[PDB]
Amino acid sequence: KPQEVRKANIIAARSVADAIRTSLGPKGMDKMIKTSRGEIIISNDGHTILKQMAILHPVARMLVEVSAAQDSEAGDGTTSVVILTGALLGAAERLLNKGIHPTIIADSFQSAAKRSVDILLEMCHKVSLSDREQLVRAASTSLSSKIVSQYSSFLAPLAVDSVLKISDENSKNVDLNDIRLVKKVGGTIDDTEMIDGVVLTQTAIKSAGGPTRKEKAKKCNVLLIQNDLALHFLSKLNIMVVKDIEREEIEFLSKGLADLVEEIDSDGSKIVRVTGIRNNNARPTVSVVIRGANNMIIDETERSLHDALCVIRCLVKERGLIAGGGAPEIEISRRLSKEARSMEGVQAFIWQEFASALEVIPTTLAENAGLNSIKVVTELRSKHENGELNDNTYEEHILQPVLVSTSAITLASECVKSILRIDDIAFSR
Amino acid sequence: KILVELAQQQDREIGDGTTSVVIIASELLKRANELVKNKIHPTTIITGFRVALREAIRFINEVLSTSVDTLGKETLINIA
Amino acid sequence: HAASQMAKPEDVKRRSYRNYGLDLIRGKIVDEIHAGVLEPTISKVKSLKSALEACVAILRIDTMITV
């Protein structure tokens, strides 16, 4: 029974998707996970659940790699991509009973994913990066899910002005790993310095003889180290020394990387800033500095501003924005249901099941919010017929970038494909 | 283990009323489990508590009063 | 307390009084203000608000994973 071995992995995969399904949205149900080491952690983020779950099932681990690529590419939708993956697996259960080979099932997802993108771009409003008024309100709504609210008004232009300098045109993939969030003890949220040149993680020499400041530094004025007598020797030569460089920042500094080098300490920081690198090969790497008193401030702020950069990253790679809340998923299921008659053969029936699999995302959002499951879904197909993208989330300031909805369908087509293509597994060592 | 951190939170600040907090949180869980047979969604139960919590503070603030009955009656006498 | 809130919004009262307490020492119902039992407002507000904070996190757990 080669197919029955794969069906056992599909049922185990749907059980994982149903567990993450309850955690979708801010009102979703949390999951308690007790690690073998004794650490007790809980949260509604689907990326952290699957990371510490330690899944021993070979096929179920594919959701972890997709969730890792979901946060690395789009940055949002790690929970919704698991639900969409399990929806295609549930619809494929009835397909195997009809004698349909998974190759046609997997090949039809490629044509269905590419068609869903073209349909989504027709209803999407194309936006440009030259308008700074749209990017401020876009990143400000992502900060409403955190304790910081009134202080988030000054954080919106911080993330917008950093991307626009490195955006240029036709940049395609923009790596956010080059943007480092500096977490230091002391200060406040309203106090921030861009320092577009670069920002280090370490202080300077507190001993005697250290210049701590140099003008026109690279005849080596400033050096880095991954003895007390060596500091006194280079002090006469007017050479600044910075030691105790973290090993994690070695690869970081080799990418982004001086007219003026000085050490400016707001309170207690004792940090050195560099401006005007003016390198031809190297671009303008900006590291964001975050100041705060309590440890819970700079922590929750780090994850809030990181998601705001991912939303802006989606707009740079793919222009346009749509309204969140499962609004576009309803119209896509309506158009693909009528266009299913244009096909012929076994592939025509797949378009009908593919439209029903896209309605699980808006249904889960209505279930986790306390609203009636089937009643709200019926109201979506009714209102979206006359109006277009009018349901109102635009007044509620809910904006989901188009690249998240595009990558969620694209990664789900490859994830479900890699599942059904496994007909057996054996011990290999 | 959640009630363990809840008991220590009241001791490090108010230091009084820790026993009453555990009893209130215990009855809320018993009545919430009975709503499962009624097909009541847990988020609505959570939303119903958050809306009622903010409105209950406003009702309590209406009956609050400072020290009174100093003339003609006695208040601080019966405390000691 | 039922008849105490009936005439309360009308801003007129005759036999209706508020702040009925429970005295377990003498086994009778008297006002706690005159009985000598008084508590601050800060203690009651933070105790009721924190009681619901721990109750929400319990109802949100639909799954227990223990290795």
# chains A, B, ... in the order shown; residues from 1 in each chain; ligands from 1

call {"tool": "interface_residues", "arguments": {"of": "chain C", "to": "chain B", "cutoff": "8 Å", "atoms": "only C-alpha atoms", "output": "compact mmCIF listing (two decimals) with N, CA, C and O atoms, in the first residue's frame"}}
result
# COMPACT_ATOMS: atom_id res chain seq x y z
N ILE C 33 -19.36 50.80 57.27
CA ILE C 33 -18.72 52.08 57.59
C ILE C 33 -18.76 52.33 59.09
O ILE C 33 -17.75 52.69 59.70
N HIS C 34 -19.93 52.14 59.71
CA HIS C 34 -20.04 52.29 61.15
C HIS C 34 -19.51 51.07 61.90
O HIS C 34 -19.10 51.19 63.06
N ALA C 35 -19.51 49.90 61.25
CA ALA C 35 -19.03 48.69 61.91
C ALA C 35 -17.52 48.69 62.12
O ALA C 35 -17.03 47.95 62.98
N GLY C 36 -16.79 49.51 61.37
CA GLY C 36 -15.35 49.59 61.51
C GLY C 36 -14.54 48.83 60.49
O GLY C 36 -13.33 48.66 60.69
N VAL C 37 -15.15 48.36 59.41
CA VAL C 37 -14.45 47.64 58.35
C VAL C 37 -14.41 48.55 57.13
O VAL C 37 -15.44 48.81 56.50
N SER C 43 -6.75 48.97 46.54
CA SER C 43 -6.62 47.53 46.79
C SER C 43 -7.70 46.74 46.07
O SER C 43 -7.44 45.63 45.58
N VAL C 45 -9.52 47.75 43.28
CA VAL C 45 -9.48 47.89 41.82
C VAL C 45 -8.41 46.98 41.23
O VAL C 45 -8.65 46.27 40.25
N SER C 47 -7.13 44.33 42.58
CA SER C 47 -7.41 42.92 42.84
C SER C 47 -8.42 42.36 41.86
O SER C 47 -8.31 41.20 41.45
N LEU C 48 -9.41 43.16 41.46
CA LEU C 48 -10.42 42.70 40.51
C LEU C 48 -9.87 42.68 39.09
O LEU C 48 -10.20 41.78 38.31
N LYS C 49 -9.03 43.65 38.74
CA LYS C 49 -8.47 43.70 37.39
C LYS C 49 -7.47 42.58 37.17
O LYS C 49 -7.47 41.93 36.11
N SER C 50 -6.60 42.32 38.15
CA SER C 50 -5.61 41.26 38.02
C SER C 50 -6.23 39.87 38.08
O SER C 50 -5.64 38.92 37.58
N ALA C 51 -7.41 39.74 38.70
CA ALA C 51 -8.07 38.44 38.76
C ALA C 51 -8.54 37.99 37.38
O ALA C 51 -8.47 36.80 37.06
N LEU C 52 -9.00 38.93 36.56
CA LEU C 52 -9.44 38.60 35.21
C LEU C 52 -8.28 38.40 34.25
O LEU C 52 -8.44 37.71 33.24
N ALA C 54 -5.47 36.73 34.79
CA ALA C 54 -5.06 35.34 34.86
C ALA C 54 -6.14 34.39 34.37
O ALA C 54 -5.82 33.26 33.96
N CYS C 55 -7.41 34.81 34.39
CA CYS C 55 -8.49 33.95 33.92
C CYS C 55 -8.54 33.88 32.40
O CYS C 55 -8.98 32.86 31.84
N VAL C 56 -8.11 34.94 31.71
CA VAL C 56 -8.12 34.93 30.25
C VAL C 56 -7.08 33.96 29.71
O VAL C 56 -7.36 33.17 28.80
N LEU C 59 -8.32 30.27 29.79
CA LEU C 59 -9.34 29.87 28.82
C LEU C 59 -8.81 29.86 27.39
O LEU C 59 -9.44 29.24 26.52
N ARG C 60 -7.68 30.51 27.13
CA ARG C 60 -7.13 30.56 25.78
C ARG C 60 -6.30 29.33 25.43
O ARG C 60 -5.87 29.21 24.28

call {"tool": "closest_atom_pairs", "arguments": {"of": "chain A", "to": "chain B", "cutoff": "12 Å", "atoms": "only C-alpha atoms", "output": "JSON lines"}}
result
{"residue": "A:22", "atom": "CA", "partner": "B:43", "partner_atom": "CA", "distance": 11.2}
{"residue": "A:23", "atom": "CA", "partner": "B:43", "partner_atom": "CA", "distance": 11.9}
{"residue": "A:25", "atom": "CA", "partner": "B:43", "partner_atom": "CA", "distance": 11.6}
{"residue": "A:26", "atom": "CA", "partner": "B:43", "partner_atom": "CA", "distance": 10.5}
{"residue": "A:27", "atom": "CA", "partner": "B:43", "partner_atom": "CA", "distance": 6.8}
{"residue": "A:28", "atom": "CA", "partner": "B:43", "partner_atom": "CA", "distance": 8.0}
{"residue": "A:29", "atom": "CA", "partner": "B:43", "partner_atom": "CA", "distance": 8.5}
{"residue": "A:30", "atom": "CA", "partner": "B:43", "partner_atom": "CA", "distance": 11.6}
{"residue": "A:32", "atom": "CA", "partner": "B:2", "partner_atom": "CA", "distance": 11.8}
{"residue": "A:40", "atom": "CA", "partner": "B:1", "partner_atom": "CA", "distance": 10.2}
{"residue": "A:42", "atom": "CA", "partner": "B:2", "partner_atom": "CA", "distance": 11.7}
{"residue": "A:365", "atom": "CA", "partner": "B:43", "partner_atom": "CA", "distance": 11.7}
{"residue": "A:366", "atom": "CA", "partner": "B:43", "partner_atom": "CA", "distance": 10.8}
{"residue": "A:367", "atom": "CA", "partner": "B:41", "partner_atom": "CA", "distance": 8.3}
{"residue": "A:368", "atom": "CA", "partner": "B:43", "partner_atom": "CA", "distance": 6.8}
{"residue": "A:369", "atom": "CA", "partner": "B:43", "partner_atom": "CA", "distance": 6.1}
{"residue": "A:370", "atom": "CA", "partner": "B:44", "partner_atom": "CA", "distance": 5.0}
{"residue": "A:371", "atom": "CA", "partner": "B:44", "partner_atom": "CA", "distance": 8.0}
{"residue": "A:372", "atom": "CA", "partner": "B:41", "partner_atom": "CA", "distance": 9.0}
{"residue": "A:373", "atom": "CA", "partner": "B:41", "partner_atom": "CA", "distance": 10.5}

call {"tool": "write_last_selection", "arguments": {"atoms": "N, CA, C and O atoms", "output": "tab-separated table (two decimals), in the first residue's frame"}}
result
chain	number	residue	atom	x	y	z
A	22	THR	N	-6.31	27.49	15.56
A	22	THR	CA	-6.93	28.17	16.69
A	22	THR	C	-6.12	29.38	17.15
A	22	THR	O	-6.64	30.20	17.91
A	23	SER	N	-4.86	29.49	16.73
A	23	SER	CA	-3.99	30.59	17.14
A	23	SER	C	-3.98	31.74	16.15
A	23	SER	O	-3.24	32.71	16.36
A	25	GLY	N	-4.79	35.13	14.34
A	25	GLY	CA	-5.33	36.41	14.74
A	25	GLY	C	-4.95	36.77	16.16
A	25	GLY	O	-4.51	35.93	16.95
A	26	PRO	N	-5.13	38.05	16.52
A	26	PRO	CA	-4.83	38.47	17.89
A	26	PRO	C	-5.78	37.90	18.92
A	26	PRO	O	-5.41	37.82	20.10
A	27	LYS	N	-6.99	37.50	18.53
A	27	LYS	CA	-7.95	36.89	19.43
A	27	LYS	C	-7.86	35.37	19.45
A	27	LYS	O	-8.68	34.73	20.12
A	28	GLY	N	-6.90	34.79	18.74
A	28	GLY	CA	-6.78	33.35	18.68
A	28	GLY	C	-6.42	32.73	20.02
A	28	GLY	O	-6.08	33.41	20.99
A	29	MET	N	-6.51	31.41	20.06
A	29	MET	CA	-6.26	30.65	21.28
A	29	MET	C	-4.78	30.32	21.40
A	29	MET	O	-4.16	29.83	20.45
A	30	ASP	N	-4.21	30.61	22.57
A	30	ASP	CA	-2.80	30.33	22.81
A	30	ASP	C	-2.57	28.83	23.00
A	30	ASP	O	-3.49	28.07	23.32
A	32	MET	N	-0.04	26.03	24.97
A	32	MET	CA	0.94	25.79	26.02
A	32	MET	C	1.84	24.63	25.62
A	32	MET	O	1.36	23.53	25.34
A	40	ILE	N	8.95	26.82	30.19
A	40	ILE	CA	7.53	26.95	29.88
A	40	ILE	C	7.34	28.26	29.14
A	40	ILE	O	7.52	29.34	29.72
A	42	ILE	N	4.73	30.38	26.16
A	42	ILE	CA	3.41	30.43	25.54
A	42	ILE	C	3.31	31.72	24.74
A	42	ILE	O	3.85	32.76	25.14
A	365	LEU	N	-10.85	33.57	10.79
A	365	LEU	CA	-10.85	34.90	11.40
A	365	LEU	C	-12.19	35.23	12.05
A	365	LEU	O	-12.23	35.92	13.07
A	366	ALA	N	-13.29	34.73	11.47
A	366	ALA	CA	-14.60	34.96	12.07
A	366	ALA	C	-14.85	34.03	13.25
A	366	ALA	O	-15.62	34.38	14.15
A	367	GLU	N	-14.23	32.85	13.26
A	367	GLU	CA	-14.42	31.92	14.37
A	367	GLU	C	-13.65	32.37	15.61
A	367	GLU	O	-14.19	32.37	16.72
A	368	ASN	N	-12.38	32.76	15.44
A	368	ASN	CA	-11.55	33.16	16.57
A	368	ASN	C	-11.98	34.49	17.18
A	368	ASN	O	-11.55	34.80	18.29
A	369	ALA	N	-12.81	35.27	16.48
A	369	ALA	CA	-13.27	36.55	16.99
A	369	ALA	C	-14.59	36.45	17.74
A	369	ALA	O	-15.12	37.48	18.18
A	370	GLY	N	-15.13	35.24	17.91
A	370	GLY	CA	-16.39	35.05	18.59
A	370	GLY	C	-17.62	35.13	17.71
A	370	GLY	O	-18.70	34.71	18.14
A	371	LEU	N	-17.49	35.66	16.49
A	371	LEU	CA	-18.62	35.76	15.59
A	371	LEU	C	-19.02	34.38	15.07
A	371	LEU	O	-18.24	33.43	15.10
A	372	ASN	N	-20.25	34.29	14.58
A	372	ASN	CA	-20.75	33.03	14.04
A	372	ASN	C	-19.95	32.64	12.81
A	372	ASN	O	-19.69	33.46	11.93
A	373	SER	N	-19.54	31.37	12.76
A	373	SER	CA	-18.71	30.85	11.68
A	373	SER	C	-19.38	31.01	10.32
A	373	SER	O	-18.91	31.78	9.48

call {"tool": "interface_residues", "arguments": {"of": "chain C", "to": "chain A", "cutoff": "7 Å", "atoms": "only C-alpha atoms", "output": "number ranges by chain"}}
result
C: 60-67

call {"tool": "write_last_selection", "arguments": {"atoms": "C-alpha atoms", "output": "PDB file, in the first residue's frame"}}
result
ATOM      1  CA  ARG C  60      -7.132  30.559  25.779  1.00  0.00           C
ATOM      2  CA  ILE C  61      -5.236  27.253  26.122  1.00  0.00           C
ATOM      3  CA  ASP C  62      -6.878  24.542  24.008  1.00  0.00           C
ATOM      4  CA  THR C  63      -3.815  22.263  23.908  1.00  0.00           C
ATOM      5  CA  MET C  64      -1.227  20.991  26.398  1.00  0.00           C
ATOM      6  CA  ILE C  65       2.060  19.703  24.958  1.00  0.00           C
ATOM      7  CA  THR C  66       4.353  17.957  27.452  1.00  0.00           C
ATOM      8  CA  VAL C  67       7.487  16.086  26.389  1.00  0.00           C
TER       9      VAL C  67
END

call {"tool": "select_by_dssp", "arguments": {"residues": "range 151-369 of chain A", "states": "helix (DSSP H, G or I)", "output": "PyMOL selection string"}}
result
chain A and resi 151-152+156-167+228-236+248-256+295-317+327-342+346-357+360-368

call {"tool": "atom_distance", "arguments": {"atom1": "CA of residue 290 in chain A", "atom2": "CA of residue 133 in chain A"}}
result
23.5 Å

call {"tool": "residues_around", "arguments": {"residues": "range 318-327 of chain A", "least_positions_apart": "3", "cutoff": "6 Å", "atoms": "only C-alpha atoms", "output": "ChimeraX atom specification"}}
result
/A:124-127,314-315,330,362,399-402

call {"tool": "residues_around", "arguments": {"residues": "range 2-17 of chain A", "least_positions_apart": "5", "cutoff": "10 Å", "atoms": "only C-alpha atoms", "output": "VMD selection string"}}
result
chain A and resid 22 50 55 57 to 63 79 to 90 92 to 93 96 101 416 419 to 425

call {"tool": "atom_distance", "arguments": {"atom1": "CA of residue 77 in chain A", "atom2": "CA of residue 317 in chain A"}}
result
16.6 Å

call {"tool": "atom_distance", "arguments": {"atom1": "CA of residue 109 in chain A", "atom2": "CA of residue 20 in chain A"}}
result
22.8 Å

call {"tool": "residues_around", "arguments": {"residues": "range 14-20 of chain C", "least_positions_apart": "2", "cutoff": "7 Å", "atoms": "only C-alpha atoms", "output": "list in words"}}
result
residues 3, 4, 30 and 31 of chain C

call {"tool": "write_last_selection", "arguments": {"atoms": "N, CA and C atoms", "output": "PDB file, in the first residue's frame"}}
result
ATOM      1  N   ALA C   3     -34.065  47.033  46.412  1.00  0.00           N
ATOM      2  CA  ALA C   3     -34.820  48.268  46.577  1.00  0.00           C
ATOM      3  C   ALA C   3     -33.925  49.483  46.781  1.00  0.00           C
ATOM      4  N   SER C   4     -32.623  49.284  46.997  1.00  0.00           N
ATOM      5  CA  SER C   4     -31.720  50.411  47.193  1.00  0.00           C
ATOM      6  C   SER C   4     -31.376  51.107  45.884  1.00  0.00           C
ATOM      7  N   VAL C  30     -25.360  45.056  59.147  1.00  0.00           N
ATOM      8  CA  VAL C  30     -25.155  46.461  59.484  1.00  0.00           C
ATOM      9  C   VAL C  30     -24.228  47.080  58.446  1.00  0.00           C
ATOM     10  N   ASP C  31     -24.165  48.409  58.457  1.00  0.00           N
ATOM     11  CA  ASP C  31     -23.272  49.128  57.558  1.00  0.00           C
ATOM     12  C   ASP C  31     -21.826  48.933  57.999  1.00  0.00           C
TER      13      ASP C  31
END

call {"tool": "closest_residue", "arguments": {"among": "C:29, C:38, C:2, C:24", "to": "residue 66 in chain B", "atoms": "only C-alpha atoms"}}
result
C:38
